[PDB]
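One chain comes next, on its own, written out as C-alpha cells in the form deposited in one PDB entry.
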C-alpha cells in the first residue's frame, strides 16, 4: 500500500564513517569515528523523519525532541539489520569502512554492549524478520521515547504512534493464515522492539561518561553530538525521559 511504498522509498542509503583503516586500532580513533558516524547518521535521520507520514503534524519542538531522544535506538536497530544482511551477524557492521570484529569490540572498551548489539542483530535471523517488518519497526522506534511530562501536544503524538502500530499489524496480517500464529507474531516483534531500549540505555550511559572525559582520552565529539549528549541525553539518564515499553 501507500504507507509501505513511502517507508521503502525514504529508507536512508549507505553511510561511511570516514575511518582511516591505515592506522592501527586505538580506542580514541575507534570511538572518534563512531561519533563522526553518528553525526553523519543523524543528518539522514532528520531528513528521514521529516519525510515520514504524519510526522510533519507534531509541533516543530516535538519533532526535534523525539529525534534527539531516540536517535540512539534507531541507529542501533538499523545497524543490527545491516550486520545481519551483510555479514550474517558475524560482526557489527556500523559502516562499510568501520566494521567491528572481536578484537575491535575489545579495543572499543565496550565489549559487553557490543555483545547485546550482535545479539539484536542475530534476532533478525532467529525470528526471520522481513524487510517490511524491519522498516515498520524502525519507524515505531522513533515514537518509543518521550518525557514523563508528555510532549507539547501529546494527543497528536499518541494518535501518530497508534497509527504506526496499526500499520505493523496490517503488514503482519498480509502473509498469515490462522490467528494461532498471527496474534503470536505480534508478541515476537513487540518483544524485539523492547529489547532495543535496554541496549540503547547502556550506550547512552557510555557516550555520556565518554563525553565527560573526552579530552583526557583524546576522543573527538562533533558539535551536534556534543550538544545532544550533554543536553538531551542527561534527561534520559536522570529519569526525565523514559522509553515506551509494550511489556513490563
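Numbering follows the first chain given and starts at 1. Note that the rigid core is defined as the largest set of C-alphas that superpose within 1.5 Å between two forms.
*Asks:* So which moves more in 7 other deposited structures of this protein by CA, 23-31 or 180-188, given a superposition on the core?
*Replies:* The stretch that sits farther from the shown form in 7 other deposited structures of this protein is 180-188.
*Asks:* Quick one: core-superposed, which stretch strays further from the shown model in 7 other deposited structures of this protein, 76-84 or 166-174? Go by RMS C-alpha distance.
*Replies:* So, of the two stretches, the farther one in 7 other deposited structures of this protein is 166-174.
*Asks:* Between 83-91 and 67-75, point out the one with the higher average CA B-factor as the PDB entry records it.
*Replies:* Result: 83-91.
*Asks:* Averaged over C-alpha atoms, is the B-factor higher for 171-179 or for 92-100 in this PDB entry?
*Replies:* The entry gives the higher C-alpha B-factor average to 171-179.
*Asks:* Can you tell me whether residue 186 has a C-alpha B-factor in the lowest, middle or highest third compared with the other modelled residues of the same chain?
*Replies:* Answer is highest: the recorded C-alpha B-factor places it there.
*Asks:* Using the temperature factors of the C-alpha atoms in this entry, rank residue 195 within its chain: lowest, middle or highest third.
*Replies:* Lowest third of the chain for residue 195's C-alpha B-factor.
*Asks:* Relative to the other modelled residues in the chain, which third contains the C-alpha temperature factor of residue 204: lowest, middle or highest?
*Replies:* It falls in the bottom third of the chain.
*Asks:* Going by the CA temperature factor in the PDB record, which third of the chain does residue 148 belong to: lowest, middle or highest?
*Replies:* Within its chain, residue 148 is a highest-third residue by C-alpha B-factor, going by the deposited values.
*Asks:* Test of reading the entry: by CA B factor among the chain's modelled residues, which third contains residue 155?
*Replies:* As the PDB entry reports it, the C-alpha B-factor of residue 155 lands in the highest third of its chain.
Unshown form solved in complex with a partner chain; subsequent notes refer to it.
*Asks:* Determine which one of 44-52, 23-31, 211-219, 198-206 lies within 4.5 Å of the partner chain in the bound PDB entry, judging by heavy atom distances; exactly one does.
*Replies:* Of the stretches listed, the one contacting the partner is 44-52.
*Asks:* Find out whether any non-hydrogen atom of residue 63 is located within 4.5 angstroms of the partner chain in the bound PDB entry, and reply yes or no.
*Replies:* Contact with the partner chain, yes.
*Asks:* Does the partner chain get within 4.5 angstroms of any non-hydrogen atom of residue 67 in the bound PDB entry?
*Replies:* The answer is yes: residue 67 has a heavy atom within 4.5 Å of the partner chain.
*Asks:* Check residue 237 for me: does it contact the partner chain in the bound PDB entry (non-hydrogen atoms, 4.5 angstroms)?
*Replies:* So residue 237 does not count as contacting the partner chain.
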